[PDB]
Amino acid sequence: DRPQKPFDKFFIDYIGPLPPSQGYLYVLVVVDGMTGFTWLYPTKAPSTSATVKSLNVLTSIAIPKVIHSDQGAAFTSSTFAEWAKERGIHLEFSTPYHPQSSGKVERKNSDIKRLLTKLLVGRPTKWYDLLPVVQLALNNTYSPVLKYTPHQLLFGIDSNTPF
């Protein structure tokens, strides 16, 4: 097909429950398919209602052609269906139990999942407040496969906060 580009697919997924940091028990995770750029949204529940609220912030910045996710309840509602269509995002799911993204994403959803846990019982119930910094390192992590970082890939420039 044609070359992989940013916004082509946003891979989403939850992470939780976690310790109640400021009242936020989960984390909606959005990764760009091509740049590996990652957006993190603390939510109080992995629900369509809390998910929509978050992807409504994201989609006021950019809109993906396809959101790709797992078959978790939140992501397979009628609500989330109708929400997707109204915006012209195509919904796409991994076939249940046997998940599948891409190499880039598979590693990043790991990077995050580990980058989170150093902050788990390393920093008690105080992770909410540092969620943005997690995001920043995440987006400034040099890629071996592609010579660049997500922040360089997405925006096309050196970042002012490199890791």
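Just count from 1 along the sequence shown to find any residue number. Rigid core here is just the name for the largest C-alpha set that superposes within 1.5 Å across the two forms.
Larger mean CA deviation from the shown form in 7 other deposited structures of this protein [core fit; 113-121 vs 99-107]:
With the rigid core fitted, 113-121 is the stretch that strays more in 7 other deposited structures of this protein.
Determine, for 49-57 and 124-132, which one has C-alphas that on average lie farther from this form in 7 other deposited structures of this protein; superpose on the rigid core first.
Larger mean C-alpha displacement, comparing 49-57 and 124-132 in 7 other deposited structures of this protein, is found in 124-132.
If you take the mean CA temperature factor per stretch, which one wins between 31-39 and 130-138?
Taking the mean B-factor of the alpha carbons in each, 130-138 is higher.
Quick one: say whether 54-62 or 97-105 has the higher mean Cα B-factor in the deposited entry.
For C-alpha atoms only, the mean B-factor is higher in 97-105.
For the chain shown, is the CA B-factor of residue 151 in the lowest, middle or highest third of its modelled residues?
For residue 151, the deposited C-alpha B-factor lands in the middle third.
Looking at the temperature factor on the CA atom of residue 44, which third of the chain's modelled residues does it land in?
Middle third by C-alpha B-factor.
Where the record places residue 115 (Cα B-factor, split into thirds across the chain)
Answer is middle: the recorded C-alpha B-factor places it there.
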